[PDB]
Structures are given as structure tokens and as C-alpha cells.
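The block underneath contains the structure these notes are about, expressed in C-alpha cells.
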Amino acid sequence: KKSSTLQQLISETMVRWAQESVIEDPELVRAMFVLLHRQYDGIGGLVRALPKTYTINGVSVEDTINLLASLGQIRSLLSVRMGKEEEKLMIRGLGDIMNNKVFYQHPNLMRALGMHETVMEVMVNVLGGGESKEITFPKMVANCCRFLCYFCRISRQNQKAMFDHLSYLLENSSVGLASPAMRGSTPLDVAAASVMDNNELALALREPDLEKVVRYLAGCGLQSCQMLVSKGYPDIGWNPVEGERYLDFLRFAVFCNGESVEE
Amino acid sequence: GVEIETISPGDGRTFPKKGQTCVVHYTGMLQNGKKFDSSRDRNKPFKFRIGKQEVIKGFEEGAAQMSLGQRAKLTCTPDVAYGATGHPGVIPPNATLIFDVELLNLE
Amino acid sequence: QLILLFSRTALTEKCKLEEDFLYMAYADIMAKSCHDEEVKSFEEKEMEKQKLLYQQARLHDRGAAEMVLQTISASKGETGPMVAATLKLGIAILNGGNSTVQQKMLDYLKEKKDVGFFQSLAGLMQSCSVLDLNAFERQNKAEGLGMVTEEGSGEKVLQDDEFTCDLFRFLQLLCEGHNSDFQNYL
Amino acid sequence: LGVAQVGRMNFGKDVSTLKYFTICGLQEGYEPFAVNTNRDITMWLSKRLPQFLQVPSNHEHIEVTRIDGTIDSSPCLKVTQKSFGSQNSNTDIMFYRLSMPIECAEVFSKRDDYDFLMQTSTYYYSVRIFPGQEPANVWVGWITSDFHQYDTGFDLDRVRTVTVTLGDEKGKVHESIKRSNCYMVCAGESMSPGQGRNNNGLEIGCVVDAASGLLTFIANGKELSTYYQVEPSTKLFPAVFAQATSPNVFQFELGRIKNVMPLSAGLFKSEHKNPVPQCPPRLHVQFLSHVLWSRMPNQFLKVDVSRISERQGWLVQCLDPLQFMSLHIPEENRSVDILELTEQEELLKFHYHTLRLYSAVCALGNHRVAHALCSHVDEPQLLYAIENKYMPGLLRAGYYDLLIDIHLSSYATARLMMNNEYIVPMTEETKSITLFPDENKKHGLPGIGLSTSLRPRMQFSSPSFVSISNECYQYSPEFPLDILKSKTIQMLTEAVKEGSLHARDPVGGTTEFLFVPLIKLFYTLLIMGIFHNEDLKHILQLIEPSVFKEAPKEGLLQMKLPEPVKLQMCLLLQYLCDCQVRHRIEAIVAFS
Amino acid sequence: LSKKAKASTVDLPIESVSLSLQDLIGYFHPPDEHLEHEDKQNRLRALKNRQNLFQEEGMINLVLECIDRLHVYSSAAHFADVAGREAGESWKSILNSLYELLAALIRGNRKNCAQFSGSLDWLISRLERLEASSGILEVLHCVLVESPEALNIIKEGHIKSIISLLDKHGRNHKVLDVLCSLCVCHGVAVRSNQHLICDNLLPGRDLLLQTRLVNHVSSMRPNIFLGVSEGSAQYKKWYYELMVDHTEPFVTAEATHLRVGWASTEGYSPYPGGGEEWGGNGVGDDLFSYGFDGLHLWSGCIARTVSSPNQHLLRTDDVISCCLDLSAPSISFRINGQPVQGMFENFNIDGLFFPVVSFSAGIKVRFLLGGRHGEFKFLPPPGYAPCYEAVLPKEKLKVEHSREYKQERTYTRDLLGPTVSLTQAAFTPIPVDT
């Protein structure tokens, strides 16, 4: 009989195409079977959509729209190679998002949107660009780190979400430790904020992360700072500036809420 | 630097007063005859306020010297159109511009 | 066609096996179609056995066993939903010690000389985790402190128990029935 | 057809027109050449006006070699004969020229020294007529793009010319301008003292002062009496009219003389300040020839002519507008109907790649570049390319993609990034949302109905190059979306109707070229969300009349489409499923 | 051979190098399309392994060194003079084979293309050379489409050099493909590259083909042929009028075309000479026609502004009177009875002249030829004869299309061959020899 439903129409059309011809396009085969699975998994669509649905009152419509526009600009900045104009746009977008009140009063909305993750891949791409040599756009990287720290301070759930990305931050904790006036705007600072004043996250901290931090501290204590001595500072045999940062991170790891984590 | 040649005469009495909004249809051409802009292509009359620095000064003066309902050919030298820098991607540096401008309405 | 698509994706030379939501979905679909789960009589048991054989033939007559082997080889010893779904599908196809499926897998392995399959198998075994007393103690300390886990229950102790069980069950099913050839091949 | 011959071709587009088809051909199984075609077959015809084109490598009479300039010898383009002194060898005047012109200044001002050398606007080239070739049969000078006079008896006295005389009201002639398309002097007349041509061949040097538009000629170091005064902005092609009386005929020597630029400096903007002579590969020798076709237009202007009366005379009336898209070749100063590129394989490929580059430079939200491109490709051009049925498929796809990328890609991607997110303001409109339209639990058409989920705002900036606001570089340029959507619906309906019978003349030459760009444009419009209510209902009926009816004619889903068209239909069905999920989410919130 | 140590004692294995280069190209040949998927994957894996081994052994640097040592010479003739014949006619082939080998070595290999970033600047410096242009272009295309780090080093000068390659070598779509790769790679746009390419390629409008929408223009003429010749019996002076009942200035986005005047044939041939026969061109767009648009005198597709009392573009209720003088070659116009301060003169008089008007859509005009074929709104100048007096006794005065083909049905269209020369239009009584 007639399908009379989009689900049935799609299902029998895909089956008929597949059994009528041997499709030579892997992309076409993938699209056909994705459509078939979507038709046969109607509940799965809701299972995927409800985590990403969110309701708001009529008052916050305008500033929610403004936040969504800013987040759309930031997301569009992903498919563009990073430059000075891109840095300016990202800085102004992050500033607008911070100035918007919905960012404060709806942390769950931000977490569902995954904008912290978006800033995270922005930072990882920019660090990878010139990871070997001196990184570019320190102002933008500092702004991203400040945004991530603020996200961590907003709520505990955001803190856990950012803690889920701890391994990379400790891997690239040596971004701007030497540079002064950038304090509080470093991936190490983001990791410290993610592990700050949260006992369950201090417990979730594992030995390899602390081992990496101690390895970095040992390297700083063994060698001088290349960029300091390049500026022309005396070549002492160690790196107090970065050692202090690593010691501060270890302090945050071992001390929480006025009591020491014994393990 | 702007020189004007009539094509279809206007009323000859009404002229754009200061602070008015001139509504025109313009077709832009380079000196070699290659079109670069035309409001008739977009099918939307171009509105601009006189003396408020909204358009290039050559077009500004050409529209100022025009009566209502008139059609004119305005030639603008580079120093009154875009200077030595030009417009990136559309007008080359040191380019003289020719505009076929019809003054539809004044408001 | 679907199985050929998955097999070509697995056979494509890649540094790492990317996650494929389509692959998880359809591997689960095929595994469920295979297994399809007052004592039953001998006639009922024979009916169930022959029905399972027919359902397994529906897949292994279209390259499902080769697909499973290729995906396991492409996993390169990295645990994840890819290899988990692949192992579940392999178990579904090999349930009951399917001699035809065992023969097909052994023939494919011998004719391809796939060292990567066994290398990835060893890597998966090494990556399989065990009980973590440190994690258990930390979780017990958290519970004593009383902090409510709004997220899911902490599974850091023996994370992929079901994955370990299904990997070793797939290994056992590969040798069920005293399959001497594949026992020696392992 | 020869002299005074009249014929009529019938391709059998209408079988009833054929008068002898039934007698012989119908029973034998012969089909008319246009038995299954929805358009008139384009007819090409031999071109009456000769045109300049590059000398072929397999030409039976002409051979051209490019001697590279040495440290002491200037670069040379040597024009030489192939089969002189043999049977049926054509002995006729041939018209050679250089592929690139020298353009005079827009406004006429009214040992070599380096400063004068760099600041001069005077260019030189020379033509060396070889010894043994009679100079009386060789003409050296300049021509414009208007030269098309192929005459076996060429002489300077039959050159097309005119004089425009401008004076004021009281007579008093103010200016007299002589205008022609050929500016040459005969080598035989230019010689004057008879010599043996043994120390060197005849070396006639042509000099153009472009700042003054002055053309002068030098015979053997002495200025000839003949000179020319060309108009401003005149493009003069170096040229030689030679009749072959020797194997080796002449050389375009692209050298220089004292205090004069070479020709390459004038021809190429990159080498404008380079006094070193050059012969880049773009500069080649073209010759006048008749071996080329012309494309007859598929539609002519409708002209009404009637003798009104003895007093009123003859009335000629024309009202129906017609337009064609003209492609201009810059270095040749000529234009051609873009529909003629269906047989110009190199130009078609280059223009398709140019369209791809246009897409690339504005790809991924480069609104400034999009506004810049709006000057080169405008809305009339885009709409004409979209509608035209005789456009080559490559250009059709390129122009569809260019339209989408300039005007629609930014907002389409902006909404696609959010599509998987559902932010529902909780208002009375949201509360009014229900899962099913009425008590009868029948699914409504996807897309239609009230939707309250937050979506990005759609804004566009009007592209104008006379303003200096510097604020329109945000947002994509404005396009007539209402015209675009209506025209797309009409075009897709026509495509479905004509392809249901599977004609042999699809738009673009293939059914994929017919459907892929049009369906892509329709999908982009759907993604942007311009379609609403009635238009969506019509297009859903086009997609599938049976399922999507509101409570053989086959929709696209059952038309036996190719693989790219199947992929695009999969995209459309994916969007419809996404719309259904969006509606479900809104209804769930409303109940909640 | 360099450093002025030229001799025949040197060893130059030209044939061995050529054979080894051919073998290497065959060794690095990519798999073909018709192969099965598994074989294609195996061949790709083997090729990638070969490329990695060669790169780790530093073969790319050796190939670059060979390329540099070969380009120290200007051309094949120079290399032949320096080294000998066999080297001279093997120079170009060896260089092309080396470039092909480099492209095969670095094609599809991210690591190799990333390593080639340092040498990219040296590669682009020799694009202008005709010998190595195609090979350098292919190598650059491979590197750019593979390595983002390749794009991260491209500056304004390199893009300008590529655009100059377009300017000096002609229309090559591979250059456009290279520019597209510069603009976008791996789904990531580069604003710097996009802006540079736009600003350095588009505004010139001198390399890429330019597109414009142009109104169709039709031309109409009476069946009257006016000519001057020795021994002819044709009156020299002629006069006619056109009155414009209606004209829409802008039927479309392009200005309406309407020109009036005289056009000449090509040597007693009835059809108009030297003009486009389909559309876009009107009176005065060649050197065979002379037109007047109300503001300009058109001839040779060049317009000169001409003064007249209350000068304006041709509009409704305009009478344009055209006067032709073949005795002293002249064409004059009068608009609404007052003279137009401009004139055509000293043109070719070896053909046949006729009244002509050209137009786009949106006009309504009326030819006034005098007599029963229209009534003149003004008085023709003394000694000027109206155009209706030139009709042959058997011929009937008619206004028809200037060109052969018009809007008809396809199967009713009359395809026409070449037309016989109209010698009978000009009458010259010829004596017998004496």
C-alpha cells in the first residue's frame, strides 16, 4: 500500500535503491544507511536531542540570541586559519559572552553547547601551530585561558567538564610560565582552576599527571630558561620562575578546602 | 574634479537642499568602459544623505549639481573618487570613474 | 553492500581507527539479529539451534567474519567502542562454535597473512585493565566524605569488564569444538 | 549551400512536420534527429567574417619559430614558409599579427639616459624582412581589433577609414579626427634608395608614443615621412601583411632602439619598467583565417514592421527584451556569446576553473571578497546563468556554486552549525504547539506549522561601491530571495516534468548537470528556511506527490536518478527528518 | 664541467641517469583506478613506505641539488656548448624527469611535504622559466594540497609571482587550481591568501575572461542601395528621416540602444559589410556604419560627443534627419530641425550606402523616406533628394532586416548561401571598344 508517512517513504526508497543498483559511491551508501537507521531508530533521535535541548523564559530571549550569535561567530572562527583579525574577533566575542548574563545564570546551557570545548580546540590548534618554536597570539591564548578559568569558577559541573581535559593541559603547561603579567592565563592555570577546591577532583587526580608535573619541575630545576637567557638574564643553573608555577599547581593538587589530601 | 554632461534633462528648478536624502539610479563604469557597479542591477534605488560623508565626494558633487528627474554622466577623477589607494578588488589604483546617474526623487 | 562498505573502511590504510557511529549502530543491529534472546524440549532446542545457524549464515554469507577480522586488525590494539562492537558482533556470529565461521576466519587469516590481527589482539589484551585498589580506596574515601555523585557511578575500578569478557569469549569461541587447526594457529 | 541557394533543415522535433517520413523511414525504424528533445537544436554555421587565431603547428603553408634572445641579439619571432616552390602552394597575401596589443594612454598630454628611459611611454618593435623577399609585397605596421578585411589585393588605398569633424554652432571646425583600423606603410615604398640588402635585411622599426598616440616608422635609421595619430585608449596590435616570395619571410624582432622601451614592456604590466627585451609565451603570432564557426542564436528580437500610411511612413516596433551573456577576452579586445563556449574546449575549462577560484576566494564567510566579487558577477548575470537552458554544464554548475557561495553559504552554514541544538523560549506560541495537528493522528507535512525554537538572525548588506561607510563588509551581499525561490520552484517543476519522459536533451548536456546544481540550490534555500507554507507544500508535492498530498506523476524519489542526485535527495530527506525531530522537541517542551 | 674545468675526461652518465630516472618514476608510479580496492591499498602502502625510506635517506635534497646544478645553465643550447651534444639534447628531458620524480616522491606524503616547506621558496623562484614551469607548478600543487605548513609560509611575493606567471604565460587552469589550494586547504580558509589573491588578480580585469549581460541589438534598413562610381547614374545627395514615437530608456538594467544613420556594404555585396550578425552591435560599431544616438557620433565602435541645441538622448517625439553626400563624402544629422555640430567625412565610397537604424528592445520608430513612403516633417536641404526616389522601377520599397536571419520557426527558417554581387544597383553604360 501507499506509505503515507515520511518514515516509510524513506525506508522503502533506500531499500529499493540498494536492491536496484550496486552503489559505487561510499558516501552515497553511507548516507542511505544513515537514513535507514534514522528511520528505524526514532527513539534514538530523541535520545540524542534531549541532552541538547534547553528551555528559557521569555525575558532572556534577547540576550540568549546575543549569546548564540557570539558563539556562532566563535564556531565559524574554527574553519579559518588563525590571524590577527581572527584574534581580534575571538577576543571581542569572548568579551561579549562574558558580558552576557546568560553565561552566568545558565551554566548548563553553556555546557550543553560545549563552548568550553570549542575554545579548547581553538587553543589546541593555535598551540600546535608553532608548537615547536615560540607560540603566536599570546594575547588570544591568554584570553582563552582566562575564559576557561572563569568557566571552571562558574560551577562545579563545569569544573568537572574542564577536568576531563586535564591530560592535554598538563602536557602543554609550559606555554607562558616564563612570561610575566600573563599569570592566571596559562594552561597550567586552567588545570589548577579545574582541580581547585574540589575534593572529588583531587581524588580523581592520578599518579601520571603529578609525575608529569614533577618531571617538568625537575627539568626547570636542572636547566635555565632559554628565553630569559636570550633576553639576557644571567645564566644560573635552574628555572625559579617556572618552578614556582609548577609548585603552585602541586599545592593546589595536594591541598583542598583547608585540608590535605593524604594520598 | 567632477565634470557633468546632461543626458535627459530634469525640471531644472528643484535641486538637492542641504540635509536632504537623494534617491538615484546609478551605473558605474571605469574609463575603459568596463562596468563595476550598478544599482539597476540590484533593482533597488540608492539613497544617500547629502553632505553627510556617506558616498565618495565626486558622486556627492555630481548629485548636488543635478536637478530632480535629471539624468547625467558624471566623470570623477581619482583624487575625488578613490585616490591612489583605490578600492581593493574592484577599482584599480588611480582610476577615473564614470557614473550614469538618474535623480529619481529627493527626500 | 553495507558489509562491503564497512570492510573497505577497515581495509583503508589509516593511522588510527576513527569512530563510526554507523558502524556501532549496524554492528549492534546485526549482533541482536543473530542472538535474538518448563525446560525446553529437544525439538525446541533443535529449532533454536537451527534458527541461530540460519541467522548467523545471513551474515557470514556476506563477509561479516572478514569484516570483524579487518576491524580488529585496524584497531591496532586500541580499546574503544569500535573494537567493543566488533567483538560483540564476532561473538554473535561465532555463538555455538560455528564451524563454517571458524573455517572462514582461519582461511582469511591464512590467505592474507595478517600479522596485524594478532598484534592488535595482543595489544587489546595488554590494554585490558584489572582491579584498582587505589581507585577503590579513593572512591570509598569520597563516599565517606559524603560527596554526592550527580554523574554516573564511578566505574574506574575494572573499567571495561564487559569488554574483557567479550574479548576472551570471542577467543574461546574461535577454538570451541576442539578446533585443532586454529588452536595451533593461535 | 552555394551562390543564391535556399534550403531548410527539418530535424523532426515535431514529427507531424516531416512530409516524407511516413513513406520511408517510419517503418524502417529510423527516428527523427530531434525525436526526443525539449529544445530547438542549436545550429552552427560557417563564419563569414575572418578572425585572427594562432598559427597551427600543422598548417600546410605557415611555420613560426621563436628564436630566443641571446646576449647580443634581440628576441625574434620568425615567420617563415613551409611548402614554397611546390605544387598547389598558396601564393597569397597573409595577415599576421601579435597576440597582444599596445594600449595608448587614456588622456593625451597637451647612449640612452636611464631616467628618460624609465619615464618614457614610447615603445618600439621591428620587422626584419629577409633578403630575397620582395618588400613591395610586405606591409609593416599596426592594426586594431576591428580589422577583418581579408582581401587578396590589399593596398593602403582601400583601408577602412573615416574622419569625425567637430565644430561649434558657428562652423569653425574645432577638431578633425582620422580613424582607421590599419596603420601600415609598404616596405617597397619605404625603402627609397635601392640597395642589395646584403649587410642586413630590411629592418622597418615601428614606434608608438602612447602618451601622445603617435605612430612613426624608421626604414634604415632614418624616419619615414608617413606617420599616424591614433585616438586615446586605442589598442594597436603589431602586425605584418606579407605575400610569400621566399621561404624565410620576416622576423618580429622585439628589441629596442635608443631611448625607447621594447614592446614587451608595453604589453606586460609586470615588465613595464624592464628595459630588457623579452618574448613571453603569451605573445605569439596569429594569422587571419576563415576556418571557424558561428553559433546561431536560439531566439531573435521580435520586430514588427508595417507601412502605416502614405503620411506616416514605415513603423518598426520592438518591445520584448532579450539579453545574452557576453564573455570578453581582454588581450584580444573581442567578445563572444558565452553559449559559444560549448565548442571552445580550452576557454570553457579555463572559465570553469575561474568560477571555482571565485568560489574559493570567498569560501567560508569572506564577506569582503564576496562584495568584491559582486562587482565582477552581478545578480542579472547569476539569474541568467541559472535560468539559461543552453549553458554548458560546467559553467552552469560553476555559476550555481558561485551564487550559493557569494550570497547563501554563510547563513546556510550558520544555521547548519546550530541545527543540532534546540533552544526553546517558553511562551504562549510554544504552549500552543501540539504533536499532531488534530485528533486524527496524521503526521503534518515536515517543515510546516508553528516553530518557536531560537534560530540565527538572517541579515544581508547591500553591495555598493560608491559608499565609503566601510560597514557593509559584515554579512553576505543581499540577493532577491523571493525571486530566487519562486524561480527555483518553477525550474525544478519544469525539470521534473521534462525528465519524467527521459529526453535526450537535458540542461547542461547530462541529467546530472541538470539536477545536481538545481537541487543543491533548492537544498540551500531549505536550509536557510526561506520556504514557508505554500511553497513548501508545492515542493514537497514535487518531491513525492503520493505521501505529501494534503488531506505517471512520479516525484524525484522514483525518477531513476544518478548517484549524485541520489546523494542530494538523501540530504533533503535528512533535513526533513531533522525538521520532524525539531517539531517533536518543541511539542515535548510544550507538554512539559 | 663547471668552474672552468671543461674537458672530455669528465664522466657524465647521461644515459644511465635517464634510465635510472625512468626506473624511479615507474617505481613510484601510483596505483591505477581500475585495480581492486585491496590491491590499491597495498600499492598505496608500498608507495608510502618507499617515499618514507627515500626521505629518511635524504633523496629529495639530492634531487634538488641535481635540479640546481642543471639550472645553473640557461638553456639546452648552452648546456650542449658546455658539455656536448648528448647532454644538450638530454638536458630538458632529464630536468623534466627529475621534476616528475620529485613530485612522485612528495605526492600524498604529509611528512615529505612538510619537510619541503623550507625549499618551497627556492622552488617558486624559477616558475618563470619555460623549461621548468610545468614541473614546478605540479610540485607546488602537491605540496600545497598536502601540507598546511606549506601554506603557512606563502607570502605576498609568492602569490604575486604566481599571478605574474598567469600574466606572462597565458591562461593555464593549473595556476588557478594552485590559487584555489592557496585559498582553502583541508576545509580551512586563509584570509591572508584570499585577500591577496582577490586584490592582486580581480581589479585588473586583464587576465581572467570578463562576463557581462548585453542586450540583443537588431538593425533594420530599407531595400535601397546608394552608391557613387565613375560613369554611374546615381544622384550623389540623399536625405531621409526617422521619427521616434516611443522609447523606453531602461527596459532592462542596461540602457536602451537606439542609433540612426548610414551603413555601407563591402564592394557591391547586398549584405552589410564587416559587422556582427546576431546581436550586441549596432550602427557605428564598425567602420562600415555611421550612427547618431542623440549625444554622440558613432563610427568604428568609438563615440565622440557632439553638440546640439538642448542636446539629449533620443526620446519620444524626436525627428532625426540624415543627409548623405557622396560627391564630397559627408554624413550630416539634424535633430528636431536644428543642425548637429558634427559630421562624418572622407570615408570609403567604394561600396553601397543605405539608411539604417539599430536598436535594442523598447522602441517604436517610423521611417520617413518621403513621397508616399512617409512625409518629411522638415524640408530637405537644397540639392538633396529623398530616399524614395532611389527605388528601382521593378523593385518595391520595403523595410526589412539588415541581416539574413530573424525570429522564425526552426523548420521554416530559410538557410541562405552566399548572395550574388549586386552590380545592377549602380548603372554604368559601357561602350564598345573603338
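For the C-alpha cells, the naming scheme is as follows: chains receive sequential letters (A, B, ...) according to their order of presentation, residues are indexed from 1 within each chain, and ligands are indexed from 1 in presentation order.
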How close does each residue of chain A get to chain E, giving the shortest atom pair and distance in Å to one decimal for every residue with an atom at most 7 Å away, counting only C-alpha atoms, sorted by chain and residue number, as CSV?
residue,atom,partner,partner_atom,distance
A:79,CA,E:188,CA,4.6
A:80,CA,E:189,CA,4.6
A:81,CA,E:190,CA,5.1
Residue neighbourhood residue D:179, 7 Å, only C-alpha atoms, exclusion window fewer than 6 positions, as a ChimeraX atom specification:
/D:161-163
Residues of chain A were defined as contacting chain D if any atom lay at most 8 Å from it, counting only C-alpha atoms; please report them as number ranges by chain.
A: 2-6, 9-10, 13, 23, 25, 27-28, 31-32, 35, 45-46, 49-50, 52-58, 61, 65, 68-69, 72, 76, 79-80, 113
Based on only C-alpha atoms, which of the residues in chain B come within 6 Å of chain E? I want them as a PyMOL selection string.
chain B and resi 7-8+40-41+88-92
Can you pull out every residue from stretch 266-363 of chain E that DSSP, working from the backbone, puts in strand (DSSP E), and format the result as a PyMOL selection string?
chain E and resi 289-292+296-299+302-305+318-325+330-335+338-339+342-345+352-359+363
